[PDB]
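K.L.:
Protein chains in written order, with the UniProt record's numbering: chain G, 119 to 236; chain F, 6 to 472; chain E, 6 to 472; chain A, 1 to 105. Sending over a structure as structure tokens; questions will come in a sec.
Following this line, the structure appears as structure tokens:
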């Protein structure tokens, strides 16, 4: 909170924290975690594959879903929004969600594998 | 047209270095200070920063040609070497208005500082300033109230306001907390506050503190005939808890709460700032964790960017540093971002660290709060630096008053009222502050005791050189 | 300083006529056309308009001196006589950004057109244009979807879309309404629509219509393999009823609803436009009542201001007139405000009635809807005037097809598809429209019957003058 | 300039060249000590000198003891010379460039 700006210290870097088990138990942690996720997605035996859609910004919702469909149909497990894709003039969020859902259904139907898009 | 898709890796600077670009008034501008890795030219490094914070990635993708890249791309339009320093440059980058979600500081930061700080080709990167275009500034609420509305709500005019953090930081029960609060407020302070890390803990649950503190505020206000407040900390694990705590403060009729905007985050903060506006509760903002980010000048984000972001997200107060106290604050820099958080129009001035002229289109100002390691001897300097529109806070400087709490409180309350009276009479607080304090110390023993304690190394050395 | 309070009546032009003022880019500009009463000078009349639509009243008040009037006052900065017309002038008035509530068309209109039109000293007043500053435009949502997102949702590319108002206006039961809808849609129209005054009435309650119309849409879409829609009118007595009706349309999975923005009002409309965005329903806007306001050029508000206001409040379609049909529309004017409702940047051009350059900062465009008294012979002119991004609507021009409804529908559906095919092939709809229609009439008897019926006065006269 | 990749690639090239240098040493030693064994190693190694770690695992498959001789020597050289290489390459490059910028530029 405050100690990094203390005049008497030139520089400060926190390297590690040991969280006591009694404190760890007050947290939920991952909603699912690794094994439950593999079980939900029927994905076993190797790393999963993803892909961020590009350009980072600038694509319309329909062109976004287009890129997603083509990626997923080709063998990737996931595609994803870029971190700075939220809701913007060129692409409002609810439109993207709509078109991306369509892309997921089409590619999953074609490949017979569970598909996702973050 | 769409100029043909040629797959493969190109230099970023072919697309993103645009030295002939003249920024539009709707562009968001950013000033970065960077050192490229050996062998990476400055213009390529600047272009890489522009690319990977807007539209670009490491290899050419065909999807660019589905849209109008010229309209959307970040544009590194100027690079200049940092005078006197080897391998250090300023890059100025323009981002189109279209890139940003309206009313979202979270989104703005995600682009500007999301990925580029970890780029292998760059040794260090520090964001110095952002010019927020007026068209974007207008998509934000800003302060729930701001300086003038706050003075009007509290009937507080004519001098800095005075606060105080209760100590020890952690360990006091709710009842002992309210006790310390009552004694501080009855002595002449306008505000007390929770420590930033006082949230809800085994030794003191939040709802108990809110209850006992409300009682202390009522008793002290009744005794003094002045409006009193205590920044009740609603900083919480989740949005739901945060709101639950804000709600009870309102139920108790509390005028002001506080929030740690960085450790809680901008998304929770923006929620709270909107609620405060709708519910008429003032919002004090603590900058806990900022120095993790803003201390070193080779890497990170300068505080003046964080201050600008907070004014957009929403806060009525924001800690600004003291310059003279226990925590670091460069004076020239501080005068710069105090102007950025208070004024409506701030001209570019590199001598105070203001890279861009900033307009706020009548978005209310934020009260700067000077806090940390300050005592009575600092008072004339603080009044000089910050002027009337500030809150000066004394935690140890109140509760650490040799005779205990109640005399400690009276020392601070007398010192404050003496300064407000003097200011109103036309005395210069900067030049005359020490004297004003000495004067009051003459008739206040408890102020005299405090002045003595924290006076502090004097020097004093010597004359010989006689003929 | 505050320059002394002298009570009493002064001329408005002493404070509000500022011919040396240069408008800022954040100023809202208004162009008024006015005729002063005999004896009232033009600059005083212009100043009175500026005064009483911003900060001023009829006599001097002391409260002015509590604030900074220079910052807040409306400023009549230019007056020019209307060429060729006695006692008629244009006043151009600048209003500070600070005067307006963000995101509120209601507030903007309340200032600009609230009281000044009834001023005794003015004979007539007509608001011609408003320049909305980009900083204000960004405080609005605008269209829930806009042109490109709508084409993408509906899979409709490459030509104007076709609609049709069901007739008679009132009197049909819900079942007979859906019957007429099914037969229209199955024949090739993209949309049908409720008449503007079809809300909920004894002969046809709204929820029954929504039910039967949804069935008609499903049957016709299944038969044709093209997306069909029907603008279900949610225009209602209260906000609550409006929302109840919008909600059921969503429940039925209806792609599009309609709203009479002027007779319901901007406050209800802005509510509906936000809901449409959050619920993914397209919003068609009917301009019922506009001609009460915008028809005469000496007094009222020109439609192009109403079109701008609607794009801000929110609508995916807006009726634009036909020029050639049963209701009035000046061509030059129409081309002007069609650009204002579609494009992102529109240069000032007085020959098309555009007084100010308008920027929209990437706010989506609104589809113009040409409707009213048009039939097949109008098609090439309509395609010429409006281009592909428009909806052309034929109510009587579909349901009035000599052989009845189903052939009437086929006539319209064939005429549309023939035009879309021709356009896509590179044929000029303006120059070749009549021919394209004649061609299709050769193999479509029902189109031929319609072309004959509504062809319409021909002229034709005579040669004598022989040697 | 992916600097850790370049350094990683540079170290592996230095390691392969130092393995070639060690192979030259061991070879010259066996020139005095064991002329046959020298002739075997000289013909075994011609063209094999590409990747130093692949060369070693392949020489271990044939003659584990001789592979060990090259292993020790490569490592002895490295411990003796590696600390002088930074200053030599940096000033080497600066001097070689300085020559050419002088005549040309």
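Note that CB positions come from ideal geometry on N, CA and C, so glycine has one too.
Between residue 438(E) and residue 384(E), what straight-line distance do the alpha-carbon atoms span, to the nearest angstrom?
P.N.:
If you take the alpha carbons of residue 438(E) and residue 384(E), they lie about 6 Å apart.
K.L.:
Does residue 206(G) come within less than 8 Å of chain F when only Cβ atoms are used?
P.N.:
Taking Cβ atoms only, chain F reaches closer than 8 Å to residue 206(G), which makes this a yes.
K.L.:
Excluding five sequence neighbours on each side, which residues of the same chain lie with their C-beta closer than 7 Å to the C-beta of residue 67(F)?
P.N.:
So the list reads 10, once near-sequence residues are dropped.
K.L.:
Closer than 9 Å by beta-carbon distance: list the chain G residues that pair up with residue 151(F), in chain order.
P.N.:
By Cβ distance, chain G contributes nothing, its closest Cβ being about 26 Å from residue 151(F), past 9 Å.
K.L.:
Are residue 243(F) and residue 204(F) close, meaning C-beta to C-beta below 8 Å?
P.N.:
Result no, Cβ atoms of residue 243(F) and residue 204(F) do not sit closer than 8 Å.
K.L.:
Alpha carbon to alpha carbon, how far is residue 110(E) from residue 283(E)?
P.N.:
If you take the alpha carbons of residue 110(E) and residue 283(E), they lie about 20 Å apart.
K.L.:
When you compare the CB of residue 14(E) with every CB in chain F, is at least one pair closer than 8 Å?
P.N.:
Residue 14(E) does not count as touching chain F.
K.L.:
Quick one: what's got a C-beta closer than 7 Å to residue 146(E)'s C-beta in the same chain, skipping five residues either side?
P.N.:
Same-chain partners within the cutoff: 278, 279, 282, 319.
K.L.:
Go ahead and pull the three-state DSSP assignment for residue 86(F).
P.N.:
Residue 86(F) falls in the strand class under three-state DSSP.
K.L.:
According to DSSP, which residues form a beta bridge with residue 361(E)?
P.N.:
Answer is none; residue 361(E) lacks a bridge partner.
K.L.:
If distances are taken between C-alpha atoms only, which option among 140(F), 45(F), 116(F) comes closest to residue 366(F)?
P.N.:
Of 140(F), 45(F), 116(F), the residue nearest in Cα terms is 140(F).
K.L.:
Taking any Cβ of chain F, which residues in the stretch 170-204 of chain G have a Cβ under 7 Å from it, in chain order?
P.N.:
Hits within the stretch, in order: 172, 173, 174, 175, 176, 177, 181, 185, 201, 202, 204.
K.L.:
May I ask which residues mark the beginning and end of the beta strand (DSSP E) holding residue 289(E)?
P.N.:
Its beta strand (DSSP E) spans residues 287-291.
K.L.:
Are the C-beta atoms of residue 225(G) and some chain F residue less than 8 Å apart?
P.N.:
Answer no: the Cβ-Cβ gap between residue 225(G) and chain F never drops below 8 Å.
K.L.:
Check each candidate in 412(F), 246(F), 124(F) and name the one with the smallest Cα separation from residue 274(F).
P.N.:
Measuring from the Cα of residue 274(F), the nearest candidate turns out to be 246(F).
K.L.:
May I ask you to list the residues that DSSP assigns as paired with residue 170(F)?
P.N.:
In the DSSP output, where bridge partners are listed per residue, residue 170(F) has 198(F).
K.L.:
Strictly below 8 Å CB to CB, what residues from chain G border residue 417(F)?
P.N.:
Near residue 417(F) there are no residues of chain G at all, since even the closest Cβ is about 21 Å away, more than 8 Å.
K.L.:
Which residues of chain A have a Cβ atom closer than 9 Å to the Cβ of residue 44(F), listed in chain order?
P.N.:
By Cβ distance, chain A contributes 1, 3, 6.
K.L.:
List the DSSP bridge partners of residue 136(F).
P.N.:
34(F).
K.L.:
Is residue 290(E) closer than 8 Å to residue 323(E) when the C-beta atoms are compared?
P.N.:
A contact, by the Cβ cut-off of 8 Å.
K.L.:
Rank 177(G), 124(G), 176(G), 186(G) by C-alpha distance to the C-alpha of residue 168(G) and give the top, closest one.
P.N.:
Here the closest residue by C-alpha is 186(G).
K.L.:
Please report how far the alpha carbon of residue 206(F) lies from the alpha carbon of residue 329(F), in whole angstroms.
P.N.:
Those two C-alpha atoms are separated by around 33 Å.
K.L.:
Beta carbon of residue 23(E), beta carbon of residue 81(E): below 8 Å?
P.N.:
Against a cut-off of 8 Å, the Cβ pair of residue 81(E) and residue 23(E) comes out as a contact.
K.L.:
Helix, strand or coil: how does DSSP classify residue 374(E) here?
P.N.:
Correct three-state label for residue 374(E): strand.
K.L.:
Can you check whether the C-beta of residue 536(F) is within less than 8 Å of a C-beta belonging to chain E?
P.N.:
Residue 536(F) lies beyond the residue range present for chain F, which begins at 6 and ends at 472; the question has no answer from this structure.
K.L.:
Nearest chain E C-beta to residue 34(F) closer than 8 Å, yes or no?
P.N.:
So, not an interface residue.
K.L.:
Beta carbon of residue 416(E), beta carbon of residue 389(E): below 8 Å?
P.N.:
Their beta carbons are not under 8 Å apart, which means residue 416(E) does not touch residue 389(E) by this criterion.
K.L.:
Residue 285(E) versus chain G: which residues are under 7 Å apart at the beta carbon?
P.N.:
Those within 7 Å of residue 285(E) in chain G are 212, 216.
K.L.:
Under 8 Å between beta-carbons, which chain G residues line up against residue 3(E)? List them in chain order, please.
P.N.:
In this structure chain E extends from 6 to 472, so residue 3(E) is not present and cannot be described.
K.L.:
Have a look at 162(E), 87(E), 201(E) and flag the residue whose alpha-carbon is nearest the alpha-carbon of residue 36(E).
P.N.:
Answer by Cα proximity: 87(E).
K.L.:
Listing by chain order, which chain A residues have their CB less than 9 Å from the CB of residue 126(F)?
P.N.:
Residues of chain A passing the Cβ test: 1, 2, 3.
K.L.:
Flag residue 434(F) as yes if its beta-carbon sits less than 8 Å from any beta-carbon of chain E, otherwise no.
P.N.:
Chain E contact via Cβ: absent.
K.L.:
Based on Cα-Cα distance, which residue from 87(A), 102(A), 19(A) lies nearest to residue 73(A)?
P.N.:
Measuring from the Cα of residue 73(A), the nearest candidate turns out to be 19(A).
K.L.:
Check residue 40(F) in the structure and name its three-state DSSP category.
P.N.:
Correct three-state label for residue 40(F): strand.
K.L.:
Where does residue 94(E) sit, in a helix, a strand or coil, going by DSSP?
P.N.:
Residue 94(E) falls in the strand class under three-state DSSP.
K.L.:
Quick check: is the beta carbon of residue 300(F) nearer than 8 Å to any beta carbon in chain G?
P.N.:
It does; some Cβ of chain G falls within 8 Å.
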